[PDB]
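Student: Okay, here's the structure, questions in a sec.
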Amino acid sequence: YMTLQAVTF
Amino acid sequence: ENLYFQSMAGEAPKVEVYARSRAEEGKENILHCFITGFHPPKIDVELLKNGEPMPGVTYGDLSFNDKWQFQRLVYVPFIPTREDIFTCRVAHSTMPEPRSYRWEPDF
Amino acid sequence: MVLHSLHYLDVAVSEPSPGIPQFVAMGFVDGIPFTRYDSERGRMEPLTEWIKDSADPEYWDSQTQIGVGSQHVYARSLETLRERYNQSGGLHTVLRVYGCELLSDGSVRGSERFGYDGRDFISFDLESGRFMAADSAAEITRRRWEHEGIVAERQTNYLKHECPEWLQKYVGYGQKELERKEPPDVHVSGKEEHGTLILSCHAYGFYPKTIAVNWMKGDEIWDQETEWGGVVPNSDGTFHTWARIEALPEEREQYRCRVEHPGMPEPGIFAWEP
Ligand SMILES: [Cl-]
Ligand SMILES: [Mg+2]
C-alpha cells in the first residue's frame, strides 16, 4: 500500500 | 563554500542475451536482452535479425539495483534458425559507439 | 529468513525522455510487480489479476493521491539538490526503494533508501531508527527531517505497522501465484572455437528465483573454473540462468552440470550431447 509519500529534501 | 559539483562518471550497460526456451528449429520462442549496470538511464536498444530490426519488440519497466544502477528487459518473439544472426544492439552516453551482443544459439 | 516482501521503487527524472516518464512508482510483492503509478496515466493501476479482483475503488484512489503528491515532491526535490550541489542543468534522477520483509521468526524488517545521480543520498532502517546522510548535501536534509522526530515517526509507523499489515493482505490475495513452482528445463551447449571448448549449462523457465547450478569434473566440484550468469527475468515472470566453464576439446566428456530447484522431484544432471 503506497501511502508513504516522498518527503521533500 | 563556493563549490560546483560534476554529475559523476556514467556506467556503461552490461547485456545478457537469452531465449525463454531451448531453441528448436521452426518453434516460436522469445529472445531477451537484459540490460543492467547503467547510469544514466537513457539507452537505445535494437533487436536485429541479420542486421534488420525484428518486429514486435517490447521493452519492460525501468528498475534499478542496490547500487542505483538501472536495468531493463527488452524482448521480442522470434523463430531461432541456424542460418541467421540475432543481435542485441545497445547505445549509451558512456559508449563512444553502439555495441552488438549476439545470441549464442542453444540448439 | 525472509518469507515475504513488499517494496516500491520510485524513479523521478528532471527531464522526460523516450520510455522514461517524469515519475514512475512500482510496487512488488515477493519481487513480483503488482501495482504501478506514472505521471502520464495519473492513476495507481493493477499489474496482476489478483490485486485487481481483491482491491476496491478506494484502494486505487487513495494511492493515486499519494502518487500525485510524490510526483510534485520529487519535482521540488530535484530543484533543491541541483541548487545545493550547484550542478549543471539537464538530466538528474532521484530514486527511492522502500518497504518491509516478514521473517520466519514473525519479525519485521523495513527501510527507505533514496539515491541521487547514482549514489546514496539518505537512508532509514527500522533497526537503527534514524536517517543516515551519505554526504554534506544530505546532512542538510537529515537535520531538517530529524527536527522534533516528525519524519522518523511517520517512516517507523509506515514500515513497522502499515507495510506488514498490507503485505499479509496481499499474500492472501496472491496465494496461488506466489506459491507455485515451475522447475527449470536444463540444456548444455558447446562452442568448440579457437582450440578452446566453452560449455554452458542453461536453466530456462524456472520459478521461484532460487536455483543451484554447478559444474562437476569427474568426482570434483569445478567452481574455481565456473562462471555464473545472473538469475535474470523472462517476459512471462519466470527466470533464466547459466553456469559456464572452459574445457579442452579432448576432455569434454569429463564434465557434467548439476541443477537443483524447488520444483524438482530430485536434483538433475546434464552433459553436452552433440
Ligand atoms: Cl526491502
Ligand atoms: Mg551507483
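Chain labels A, B, ... are given in the sequence in which chains occur in the C-alpha cells; within each chain residues are numbered consecutively from 1, and ligands are likewise numbered from 1 in the order shown.
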Please determine the contact residues of chain C with respect to chain B at a cut-off of 8 Å, counting only C-alpha atoms, and supply them as an mmCIF file with N, CA and C atoms, in the first residue's frame.

Tutor:
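So part-v7.cif came out as:
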data_model
loop_
_atom_site.group_PDB
_atom_site.id
_atom_site.type_symbol
_atom_site.label_atom_id
_atom_site.label_comp_id
_atom_site.auth_asym_id
_atom_site.auth_seq_id
_atom_site.Cartn_x
_atom_site.Cartn_y
_atom_site.Cartn_z
ATOM 1 N N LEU C 9 9.688 0.894 -5.778
ATOM 2 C CA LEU C 9 10.774 1.625 -6.482
ATOM 3 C C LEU C 9 10.173 2.896 -7.082
ATOM 4 N N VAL C 11 11.077 6.198 -9.452
ATOM 5 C CA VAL C 11 12.045 6.816 -10.387
ATOM 6 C C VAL C 11 11.476 8.188 -10.788
ATOM 7 N N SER C 17 12.378 11.606 -21.161
ATOM 8 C CA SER C 17 12.947 11.096 -22.431
ATOM 9 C C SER C 17 12.123 9.895 -22.839
ATOM 10 N N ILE C 20 10.848 6.987 -20.519
ATOM 11 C CA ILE C 20 11.102 7.419 -19.112
ATOM 12 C C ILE C 20 10.149 8.581 -18.836
ATOM 13 N N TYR C 85 23.967 21.274 -4.952
ATOM 14 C CA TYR C 85 25.287 20.811 -5.464
ATOM 15 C C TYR C 85 25.805 21.811 -6.515
ATOM 16 N N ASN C 86 25.130 22.958 -6.707
ATOM 17 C CA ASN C 86 25.435 23.958 -7.764
ATOM 18 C C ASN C 86 25.713 23.204 -9.086
ATOM 19 N N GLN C 87 24.835 22.310 -9.538
ATOM 20 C CA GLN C 87 25.178 21.401 -10.676
ATOM 21 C C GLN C 87 24.726 22.031 -11.990
ATOM 22 N N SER C 88 25.173 21.417 -13.081
ATOM 23 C CA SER C 88 24.645 21.666 -14.438
ATOM 24 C C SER C 88 23.170 21.291 -14.445
ATOM 25 N N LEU C 95 15.909 8.434 -7.008
ATOM 26 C CA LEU C 95 15.409 7.065 -6.894
ATOM 27 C C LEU C 95 15.069 6.826 -5.427
ATOM 28 N N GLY C 115 18.383 7.621 -3.469
ATOM 29 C CA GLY C 115 19.613 7.846 -4.243
ATOM 30 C C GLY C 115 19.487 9.051 -5.142
ATOM 31 N N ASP C 117 21.499 10.725 -8.583
ATOM 32 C CA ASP C 117 22.505 10.647 -9.678
ATOM 33 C C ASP C 117 23.404 9.448 -9.369
ATOM 34 N N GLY C 118 22.817 8.334 -8.927
ATOM 35 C CA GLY C 118 23.544 7.065 -8.881
ATOM 36 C C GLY C 118 24.255 6.775 -7.570
ATOM 37 N N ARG C 119 24.139 7.643 -6.571
ATOM 38 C CA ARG C 119 24.763 7.383 -5.255
ATOM 39 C C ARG C 119 23.755 7.520 -4.104
ATOM 40 N N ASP C 185 13.866 -26.264 -17.273
ATOM 41 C CA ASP C 185 14.243 -27.134 -18.400
ATOM 42 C C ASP C 185 15.728 -26.843 -18.560
ATOM 43 N N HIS C 187 19.566 -27.354 -20.387
ATOM 44 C CA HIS C 187 20.289 -27.816 -21.589
ATOM 45 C C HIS C 187 21.707 -27.292 -21.498
ATOM 46 N N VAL C 188 22.648 -28.125 -21.969
ATOM 47 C CA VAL C 188 24.091 -27.792 -22.101
ATOM 48 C C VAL C 188 24.409 -27.523 -23.575
ATOM 49 N N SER C 189 25.019 -26.367 -23.890
ATOM 50 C CA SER C 189 25.506 -26.026 -25.263
ATOM 51 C C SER C 189 27.033 -25.927 -25.313
ATOM 52 N N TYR C 204 16.237 -22.811 -17.982
ATOM 53 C CA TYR C 204 15.211 -21.995 -18.664
ATOM 54 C C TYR C 204 13.894 -22.118 -17.899
ATOM 55 N N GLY C 205 13.205 -21.011 -17.654
ATOM 56 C CA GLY C 205 11.758 -21.048 -17.374
ATOM 57 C C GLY C 205 11.409 -21.496 -15.954
ATOM 58 N N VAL C 232 18.228 -13.980 -14.171
ATOM 59 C CA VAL C 232 17.660 -12.840 -14.950
ATOM 60 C C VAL C 232 16.226 -13.177 -15.322
ATOM 61 N N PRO C 233 15.379 -12.162 -15.576
ATOM 62 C CA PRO C 233 13.951 -12.387 -15.797
ATOM 63 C C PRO C 233 13.544 -12.755 -17.239
ATOM 64 N N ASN C 234 12.595 -13.681 -17.371
ATOM 65 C CA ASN C 234 11.912 -13.941 -18.656
ATOM 66 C C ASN C 234 10.701 -12.998 -18.721
ATOM 67 N N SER C 235 10.144 -12.750 -19.899
ATOM 68 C CA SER C 235 8.974 -11.853 -20.056
ATOM 69 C C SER C 235 7.762 -12.427 -19.308
ATOM 70 N N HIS C 240 15.703 -17.252 -15.811
ATOM 71 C CA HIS C 240 16.753 -17.877 -16.639
ATOM 72 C C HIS C 240 18.054 -17.755 -15.871
#

Student: Please return, as a list in words, all residues of chain C lying within 6 Å of chain A when only C-alpha atoms are considered.

Tutor: residues 63, 66, 70, 73, 77 and 141 of chain C

Student: Keeping only N, CA, C and O atoms, take the residues you just selected and write them out as a short mmCIF file (atom, residue, chain, number, x, y, z; two decimals), in the first residue's frame.

Tutor:
data_model
loop_
_atom_site.label_atom_id
_atom_site.label_comp_id
_atom_site.auth_asym_id
_atom_site.auth_seq_id
_atom_site.Cartn_x
_atom_site.Cartn_y
_atom_site.Cartn_z
N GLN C 63 -4.26 5.72 -3.33
CA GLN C 63 -2.84 5.61 -3.77
C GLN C 63 -2.57 6.58 -4.92
O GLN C 63 -1.43 7.03 -5.08
N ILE C 66 -1.43 9.79 -3.33
CA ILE C 66 -0.01 9.79 -2.84
C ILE C 66 0.94 9.82 -4.03
O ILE C 66 1.99 10.48 -3.94
N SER C 70 3.65 12.62 -4.49
CA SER C 70 5.08 12.22 -4.57
C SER C 70 5.71 12.82 -5.82
O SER C 70 6.82 13.25 -5.76
N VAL C 73 6.42 16.34 -4.98
CA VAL C 73 7.55 16.47 -4.04
C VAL C 73 8.88 16.23 -4.80
O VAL C 73 9.89 16.92 -4.50
N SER C 77 12.21 18.38 -5.01
CA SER C 77 13.45 17.76 -4.51
C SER C 77 14.55 17.87 -5.58
O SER C 77 15.73 18.18 -5.22
N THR C 141 19.46 17.69 4.73
CA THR C 141 18.13 17.04 4.71
C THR C 141 17.92 16.30 6.04
O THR C 141 16.84 16.43 6.64
#

Student: Kindly give the distance, in Å, that separates atom CA of residue 163 of chain C and atom CA of residue 238 of chain C, rounded to a single decimal.

Tutor: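 Interatomic distance here is 25.8 Å.
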
Student: List the spatial neighbours of segment 256-273 of chain C as number ranges by chain - criterion: any atom at most 9 Å away, only C-alpha atoms, same-chain residues fewer than 6 positions off excluded.

Tutor: C: 180-184, 186-190, 199-201, 203, 206-218, 243

Student: Name the closest residue to ligand 1 among the candidates C:241, C:136, C:80, C:123; distances are taken between atoms, counting only C-alpha atoms and all ligand atoms.

Tutor: C:123

Student: Using only C-alpha atoms and all ligand atoms, find each protein or nucleic acid residue lying at most 7 Å from ligand 1; present the set as a list in words.

Tutor: residues 5, 7, 98, 99, 100, 101, 110 and 111 of chain C

Student: Check the DSSP output for the backbone and give back, as a short mmCIF file (atom, residue, chain, number, x, y, z; two decimals) with N, CA, C and O atoms, in the first residue's frame, the residues of segment 3-214 of chain C in strand (DSSP E or B).

Tutor:
data_model
loop_
_atom_site.label_atom_id
_atom_site.label_comp_id
_atom_site.auth_asym_id
_atom_site.auth_seq_id
_atom_site.Cartn_x
_atom_site.Cartn_y
_atom_site.Cartn_z
N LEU C 3 10.54 -14.40 4.31
CA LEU C 3 9.44 -15.25 3.79
C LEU C 3 8.67 -14.47 2.72
O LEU C 3 8.25 -15.06 1.74
N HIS C 4 8.43 -13.19 2.96
CA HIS C 4 7.62 -12.32 2.07
C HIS C 4 8.15 -10.90 2.17
O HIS C 4 8.71 -10.58 3.20
N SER C 5 7.90 -10.10 1.14
CA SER C 5 8.48 -8.76 0.97
C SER C 5 7.44 -7.92 0.27
O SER C 5 6.80 -8.47 -0.65
N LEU C 6 7.27 -6.70 0.74
CA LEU C 6 6.57 -5.63 -0.01
C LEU C 6 7.54 -4.45 -0.23
O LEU C 6 8.09 -3.95 0.76
N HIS C 7 7.76 -4.04 -1.47
CA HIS C 7 8.60 -2.84 -1.72
C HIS C 7 8.13 -2.05 -2.95
O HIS C 7 7.41 -2.63 -3.86
N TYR C 8 8.45 -0.76 -2.93
CA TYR C 8 8.21 0.19 -4.02
C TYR C 8 9.55 0.77 -4.46
O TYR C 8 10.44 1.03 -3.60
N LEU C 9 9.69 0.89 -5.78
CA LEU C 9 10.77 1.62 -6.48
C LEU C 9 10.17 2.90 -7.08
O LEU C 9 9.18 2.77 -7.84
N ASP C 10 10.69 4.06 -6.72
CA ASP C 10 10.26 5.35 -7.34
C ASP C 10 11.39 5.80 -8.24
O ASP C 10 12.54 5.72 -7.82
N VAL C 11 11.08 6.20 -9.45
CA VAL C 11 12.05 6.82 -10.39
C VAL C 11 11.48 8.19 -10.79
O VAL C 11 10.43 8.23 -11.47
N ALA C 12 12.14 9.27 -10.39
CA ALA C 12 11.80 10.64 -10.80
C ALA C 12 12.96 11.22 -11.57
O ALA C 12 14.10 11.13 -11.08
N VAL C 13 12.70 11.75 -12.76
CA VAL C 13 13.73 12.41 -13.60
C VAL C 13 13.36 13.88 -13.81
O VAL C 13 12.15 14.24 -13.80
N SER C 17 12.38 11.61 -21.16
CA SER C 17 12.95 11.10 -22.43
C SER C 17 12.12 9.89 -22.84
O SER C 17 11.34 9.41 -22.05
N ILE C 20 10.85 6.99 -20.52
CA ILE C 20 11.10 7.42 -19.11
C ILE C 20 10.15 8.58 -18.84
O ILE C 20 10.43 9.72 -19.14
N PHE C 23 7.80 10.62 -13.70
CA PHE C 23 7.75 9.88 -12.43
C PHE C 23 7.06 8.53 -12.63
O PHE C 23 5.96 8.52 -13.23
N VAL C 24 7.68 7.45 -12.11
CA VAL C 24 7.08 6.10 -12.09
C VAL C 24 7.33 5.53 -10.69
O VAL C 24 8.44 5.64 -10.21
N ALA C 25 6.27 5.01 -10.09
CA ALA C 25 6.29 4.29 -8.80
C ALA C 25 5.72 2.90 -9.11
O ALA C 25 4.64 2.82 -9.69
N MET C 26 6.47 1.85 -8.80
CA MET C 26 6.06 0.45 -8.99
C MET C 26 6.15 -0.29 -7.66
O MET C 26 7.13 -0.10 -6.97
N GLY C 27 5.17 -1.12 -7.42
CA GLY C 27 5.00 -1.99 -6.24
C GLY C 27 5.28 -3.44 -6.60
O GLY C 27 4.84 -3.89 -7.67
N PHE C 28 5.94 -4.14 -5.68
CA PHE C 28 6.32 -5.56 -5.81
C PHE C 28 5.91 -6.31 -4.57
O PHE C 28 6.24 -5.80 -3.43
N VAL C 29 5.32 -7.50 -4.76
CA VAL C 29 5.11 -8.46 -3.65
C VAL C 29 5.96 -9.67 -3.96
O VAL C 29 5.79 -10.24 -5.07
N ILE C 32 7.55 -9.62 -7.29
CA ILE C 32 6.61 -9.70 -8.47
C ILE C 32 5.94 -8.35 -8.54
O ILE C 32 5.25 -8.00 -7.59
N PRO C 33 6.05 -7.62 -9.68
CA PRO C 33 5.38 -6.33 -9.84
C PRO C 33 3.86 -6.50 -9.79
O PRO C 33 3.36 -7.42 -10.39
N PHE C 34 3.15 -5.66 -9.06
CA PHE C 34 1.68 -5.87 -8.87
C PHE C 34 0.91 -4.55 -9.01
O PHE C 34 -0.32 -4.61 -9.21
N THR C 35 1.57 -3.41 -8.88
CA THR C 35 0.92 -2.09 -8.97
C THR C 35 1.89 -1.08 -9.51
O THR C 35 3.06 -1.30 -9.37
N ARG C 36 1.37 -0.01 -10.10
CA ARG C 36 2.16 0.99 -10.83
C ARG C 36 1.44 2.33 -10.77
O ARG C 36 0.20 2.35 -10.99
N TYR C 37 2.18 3.42 -10.52
CA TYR C 37 1.69 4.79 -10.80
C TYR C 37 2.65 5.42 -11.81
O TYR C 37 3.88 5.23 -11.70
N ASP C 38 2.15 6.16 -12.79
CA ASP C 38 3.07 7.02 -13.57
C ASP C 38 2.42 8.36 -13.91
O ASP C 38 1.22 8.52 -13.78
N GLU C 45 -2.66 1.76 -10.83
CA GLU C 45 -3.36 0.70 -11.58
C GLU C 45 -2.77 -0.67 -11.26
O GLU C 45 -1.61 -0.81 -10.88
N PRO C 46 -3.60 -1.73 -11.38
CA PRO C 46 -3.18 -3.09 -11.07
C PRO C 46 -2.28 -3.64 -12.18
O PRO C 46 -2.53 -3.36 -13.33
N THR C 93 18.35 12.46 -11.53
CA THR C 93 17.47 11.35 -11.10
C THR C 93 17.51 11.24 -9.57
O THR C 93 18.59 11.25 -8.97
N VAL C 94 16.32 11.17 -9.00
CA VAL C 94 16.07 10.75 -7.61
C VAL C 94 15.33 9.42 -7.69
O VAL C 94 14.30 9.34 -8.38
N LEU C 95 15.91 8.43 -7.01
CA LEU C 95 15.41 7.06 -6.89
C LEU C 95 15.07 6.83 -5.43
O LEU C 95 15.76 7.37 -4.53
N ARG C 96 14.04 6.03 -5.19
CA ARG C 96 13.72 5.60 -3.82
C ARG C 96 13.26 4.15 -3.85
O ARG C 96 12.51 3.79 -4.80
N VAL C 97 13.85 3.33 -2.97
CA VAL C 97 13.35 1.95 -2.64
C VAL C 97 12.87 2.01 -1.19
O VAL C 97 13.69 2.34 -0.30
N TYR C 98 11.69 1.54 -0.92
CA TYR C 98 11.30 1.35 0.46
C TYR C 98 10.41 0.14 0.58
O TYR C 98 9.70 -0.24 -0.38
N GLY C 99 10.33 -0.40 1.78
CA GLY C 99 9.39 -1.50 2.03
C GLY C 99 9.74 -2.31 3.25
O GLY C 99 10.59 -1.84 4.05
N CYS C 100 9.06 -3.47 3.38
CA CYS C 100 9.21 -4.41 4.51
C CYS C 100 9.37 -5.86 4.04
O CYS C 100 9.04 -6.21 2.88
N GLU C 101 9.92 -6.64 4.96
CA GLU C 101 10.08 -8.11 4.87
C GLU C 101 9.53 -8.71 6.16
O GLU C 101 9.77 -8.11 7.23
N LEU C 102 8.84 -9.84 6.02
CA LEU C 102 8.37 -10.69 7.13
C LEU C 102 9.32 -11.86 7.24
O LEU C 102 9.60 -12.47 6.18
N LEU C 103 9.85 -12.11 8.43
CA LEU C 103 10.91 -13.12 8.63
C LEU C 103 10.22 -14.37 9.15
O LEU C 103 9.04 -14.26 9.50
N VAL C 108 9.61 -8.28 11.66
CA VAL C 108 9.52 -7.35 10.50
C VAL C 108 10.86 -6.62 10.38
O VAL C 108 11.40 -6.20 11.42
N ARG C 109 11.43 -6.58 9.18
CA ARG C 109 12.47 -5.59 8.76
C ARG C 109 11.83 -4.59 7.79
O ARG C 109 10.90 -4.95 7.00
N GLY C 110 12.30 -3.35 7.83
CA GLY C 110 11.85 -2.32 6.86
C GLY C 110 12.92 -1.27 6.65
O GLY C 110 13.70 -1.03 7.55
N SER C 111 12.90 -0.62 5.50
CA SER C 111 13.82 0.51 5.24
C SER C 111 13.30 1.40 4.12
O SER C 111 12.32 1.01 3.38
N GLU C 112 13.91 2.57 4.05
CA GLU C 112 13.65 3.56 2.98
C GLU C 112 15.01 4.11 2.58
O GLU C 112 15.76 4.57 3.49
N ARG C 113 15.37 3.97 1.31
CA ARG C 113 16.68 4.47 0.81
C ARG C 113 16.42 5.34 -0.40
O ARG C 113 15.52 4.99 -1.26
N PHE C 114 17.05 6.50 -0.41
CA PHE C 114 16.97 7.44 -1.54
C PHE C 114 18.36 7.53 -2.16
O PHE C 114 19.36 7.60 -1.42
N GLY C 115 18.38 7.62 -3.47
CA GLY C 115 19.61 7.85 -4.24
C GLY C 115 19.49 9.05 -5.14
O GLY C 115 18.34 9.37 -5.55
N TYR C 116 20.61 9.73 -5.40
CA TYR C 116 20.66 10.91 -6.29
C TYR C 116 21.80 10.72 -7.29
O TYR C 116 22.90 10.51 -6.82
N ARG C 119 24.14 7.64 -6.57
CA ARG C 119 24.76 7.38 -5.26
C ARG C 119 23.76 7.52 -4.10
O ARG C 119 22.78 8.30 -4.23
N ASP C 120 24.08 6.86 -2.98
CA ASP C 120 23.43 7.04 -1.67
C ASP C 120 23.25 8.55 -1.44
O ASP C 120 24.17 9.31 -1.70
N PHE C 121 22.02 8.94 -1.10
CA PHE C 121 21.69 10.28 -0.57
C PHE C 121 21.33 10.19 0.91
O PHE C 121 22.12 10.66 1.80
N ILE C 122 20.20 9.58 1.25
CA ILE C 122 19.77 9.41 2.66
C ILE C 122 19.02 8.10 2.80
O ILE C 122 18.39 7.62 1.82
N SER C 123 19.14 7.47 3.97
CA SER C 123 18.57 6.12 4.20
C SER C 123 18.02 5.99 5.61
O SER C 123 18.41 6.76 6.55
N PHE C 124 17.07 5.10 5.75
CA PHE C 124 16.41 4.88 7.05
C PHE C 124 16.13 3.39 7.19
O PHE C 124 15.75 2.70 6.18
N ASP C 125 16.27 2.90 8.41
CA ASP C 125 16.09 1.46 8.71
C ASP C 125 15.38 1.32 10.07
O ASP C 125 15.77 2.05 11.03
N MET C 132 20.30 8.36 7.93
CA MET C 132 21.74 8.33 7.66
C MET C 132 21.97 9.15 6.37
O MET C 132 21.38 8.80 5.31
N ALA C 133 22.86 10.14 6.46
CA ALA C 133 23.24 11.04 5.35
C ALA C 133 24.53 10.50 4.76
O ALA C 133 25.44 10.20 5.54
N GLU C 182 7.43 -23.85 -10.91
CA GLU C 182 7.77 -24.40 -12.25
C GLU C 182 9.26 -24.77 -12.21
O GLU C 182 10.08 -23.93 -11.84
N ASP C 185 13.87 -26.26 -17.27
CA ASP C 185 14.24 -27.13 -18.40
C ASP C 185 15.73 -26.84 -18.56
O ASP C 185 16.05 -25.64 -18.68
N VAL C 186 16.60 -27.85 -18.42
CA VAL C 186 18.08 -27.63 -18.46
C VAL C 186 18.64 -28.10 -19.81
O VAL C 186 18.20 -29.14 -20.34
N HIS C 187 19.57 -27.35 -20.39
CA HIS C 187 20.29 -27.82 -21.59
C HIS C 187 21.71 -27.29 -21.50
O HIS C 187 21.88 -26.17 -20.94
N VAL C 188 22.65 -28.12 -21.97
CA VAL C 188 24.09 -27.79 -22.10
C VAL C 188 24.41 -27.52 -23.57
O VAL C 188 24.06 -28.41 -24.40
N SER C 189 25.02 -26.37 -23.89
CA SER C 189 25.51 -26.03 -25.26
C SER C 189 27.03 -25.93 -25.31
O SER C 189 27.66 -25.69 -24.29
N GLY C 190 27.60 -26.08 -26.50
CA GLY C 190 29.05 -26.16 -26.70
C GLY C 190 29.52 -25.49 -27.98
O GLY C 190 29.27 -26.03 -29.07
N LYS C 191 30.21 -24.36 -27.80
CA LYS C 191 31.01 -23.63 -28.83
C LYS C 191 32.46 -24.13 -28.74
O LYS C 191 33.13 -23.86 -27.70
N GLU C 192 32.92 -24.86 -29.76
CA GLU C 192 34.25 -25.52 -29.79
C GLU C 192 35.25 -24.73 -30.66
O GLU C 192 35.90 -25.40 -31.50
N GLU C 193 35.45 -23.41 -30.39
CA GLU C 193 36.22 -22.44 -31.25
C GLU C 193 37.55 -21.98 -30.61
O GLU C 193 37.58 -21.80 -29.36
N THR C 196 39.51 -24.08 -28.09
CA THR C 196 39.13 -24.00 -26.65
C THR C 196 37.61 -24.15 -26.47
O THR C 196 36.89 -23.13 -26.58
N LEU C 197 37.15 -25.35 -26.15
CA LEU C 197 35.71 -25.67 -25.93
C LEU C 197 35.15 -24.88 -24.76
O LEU C 197 35.69 -25.00 -23.65
N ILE C 198 34.06 -24.14 -24.98
CA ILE C 198 33.29 -23.45 -23.91
C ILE C 198 31.96 -24.18 -23.70
O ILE C 198 31.30 -24.51 -24.72
N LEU C 199 31.60 -24.45 -22.43
CA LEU C 199 30.42 -25.30 -22.05
C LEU C 199 29.42 -24.51 -21.20
O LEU C 199 29.80 -24.06 -20.07
N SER C 200 28.18 -24.39 -21.67
CA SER C 200 27.18 -23.55 -20.96
C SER C 200 25.97 -24.37 -20.57
O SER C 200 25.30 -24.96 -21.46
N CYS C 201 25.71 -24.37 -19.26
CA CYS C 201 24.56 -25.03 -18.62
C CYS C 201 23.47 -23.96 -18.42
O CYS C 201 23.66 -23.07 -17.60
N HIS C 202 22.40 -24.03 -19.20
CA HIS C 202 21.31 -23.04 -19.18
C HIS C 202 20.11 -23.65 -18.47
O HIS C 202 19.74 -24.80 -18.82
N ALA C 203 19.59 -22.95 -17.47
CA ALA C 203 18.31 -23.30 -16.84
C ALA C 203 17.26 -22.30 -17.31
O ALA C 203 17.43 -21.05 -17.12
N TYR C 204 16.24 -22.81 -17.98
CA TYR C 204 15.21 -21.99 -18.66
C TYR C 204 13.89 -22.12 -17.90
O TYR C 204 13.48 -23.22 -17.65
N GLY C 205 13.21 -21.01 -17.65
CA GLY C 205 11.76 -21.05 -17.37
C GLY C 205 11.41 -21.50 -15.95
O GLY C 205 10.36 -22.18 -15.84
N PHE C 206 12.17 -21.08 -14.91
CA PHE C 206 12.01 -21.57 -13.51
C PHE C 206 11.47 -20.49 -12.57
O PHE C 206 11.82 -19.31 -12.72
N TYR C 207 10.68 -20.94 -11.59
CA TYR C 207 10.03 -20.11 -10.54
C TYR C 207 9.87 -20.94 -9.27
O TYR C 207 9.31 -22.05 -9.30
N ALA C 212 20.41 -23.89 -7.84
CA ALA C 212 21.81 -24.35 -7.72
C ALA C 212 22.26 -24.84 -9.09
O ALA C 212 21.62 -25.75 -9.62
N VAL C 213 23.30 -24.26 -9.66
CA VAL C 213 23.84 -24.75 -10.96
C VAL C 213 25.36 -24.86 -10.81
O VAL C 213 26.02 -23.82 -10.62
N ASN C 214 25.87 -26.09 -10.84
CA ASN C 214 27.27 -26.43 -10.50
C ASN C 214 27.83 -27.37 -11.56
O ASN C 214 27.20 -28.44 -11.81
#

Student: Using the chain letters and numbers from this document, which residues of segment 193-254 of chain C does DSSP assign to helix (DSSP H, G or I), as a PyMOL selection string?

Tutor: chain C and resi 223-225+249-254

Student: Using only C-alpha atoms and all ligand atoms, which residue out of B:26, B:37, B:77, B:53 lies closest to ligand 2?

Tutor: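 With only C-alpha atoms and all ligand atoms as the atom set, the closest residue is B:37.
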
Student: Extract, using only C-alpha atoms, all DNA, RNA and protein residues at most 9 Å from residue 85 of chain B, discarding same-chain residues fewer than 2 positions from it, and format them as a list in words.

Tutor: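 With the cut-off at 9 Å, the set is residues 48, 49, 50, 51, 81, 82, 83, 87, 102, 103 and 104 of chain B.
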
Student: Emit the selected residues as a PDB file, in the first residue's frame, including N, CA and C atoms.

Tutor:
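Saved as out39.pdb:
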ATOM      1  N   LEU B  48      18.083  -7.316 -33.606  1.00  0.00           N
ATOM      2  CA  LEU B  48      18.363  -7.359 -35.066  1.00  0.00           C
ATOM      3  C   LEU B  48      18.499  -8.803 -35.493  1.00  0.00           C
ATOM      4  N   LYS B  49      17.865  -9.126 -36.608  1.00  0.00           N
ATOM      5  CA  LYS B  49      17.992 -10.423 -37.311  1.00  0.00           C
ATOM      6  C   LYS B  49      18.664 -10.114 -38.646  1.00  0.00           C
ATOM      7  N   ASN B  50      19.909 -10.593 -38.807  1.00  0.00           N
ATOM      8  CA  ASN B  50      20.784 -10.283 -39.964  1.00  0.00           C
ATOM      9  C   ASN B  50      20.830  -8.774 -40.158  1.00  0.00           C
ATOM     10  N   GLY B  51      20.960  -8.031 -39.077  1.00  0.00           N
ATOM     11  CA  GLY B  51      21.143  -6.577 -39.130  1.00  0.00           C
ATOM     12  C   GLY B  51      19.845  -5.819 -39.303  1.00  0.00           C
ATOM     13  N   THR B  81      16.853 -19.847 -35.946  1.00  0.00           N
ATOM     14  CA  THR B  81      17.362 -20.643 -37.091  1.00  0.00           C
ATOM     15  C   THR B  81      18.878 -20.754 -36.973  1.00  0.00           C
ATOM     16  N   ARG B  82      19.481 -21.656 -37.734  1.00  0.00           N
ATOM     17  CA  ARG B  82      20.938 -21.877 -37.627  1.00  0.00           C
ATOM     18  C   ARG B  82      21.607 -20.879 -38.562  1.00  0.00           C
ATOM     19  N   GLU B  83      20.948 -20.578 -39.677  1.00  0.00           N
ATOM     20  CA  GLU B  83      21.444 -19.688 -40.752  1.00  0.00           C
ATOM     21  C   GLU B  83      21.517 -18.230 -40.270  1.00  0.00           C
ATOM     22  N   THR B  87      21.164 -10.280 -32.945  1.00  0.00           N
ATOM     23  CA  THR B  87      21.985  -9.415 -32.071  1.00  0.00           C
ATOM     24  C   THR B  87      21.108  -8.462 -31.269  1.00  0.00           C
ATOM     25  N   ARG B 102      25.498 -10.816 -29.431  1.00  0.00           N
ATOM     26  CA  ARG B 102      24.966 -11.831 -30.341  1.00  0.00           C
ATOM     27  C   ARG B 102      24.312 -12.898 -29.491  1.00  0.00           C
ATOM     28  N   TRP B 103      23.150 -13.385 -29.898  1.00  0.00           N
ATOM     29  CA  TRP B 103      22.555 -14.556 -29.207  1.00  0.00           C
ATOM     30  C   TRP B 103      23.334 -15.789 -29.661  1.00  0.00           C
ATOM     31  N   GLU B 104      24.029 -16.414 -28.721  1.00  0.00           N
ATOM     32  CA  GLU B 104      24.716 -17.713 -28.944  1.00  0.00           C
ATOM     33  C   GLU B 104      23.657 -18.807 -28.927  1.00  0.00           C
TER      34      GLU B 104
END

Student: Report the distance between atom CA of residue 89 of chain B and atom CA of residue 15 of chain B in Å, rounded to one decimal place.

Tutor: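 Atom-to-atom, atom CA of residue 89 of chain B and atom CA of residue 15 of chain B are spaced 9.3 Å apart.
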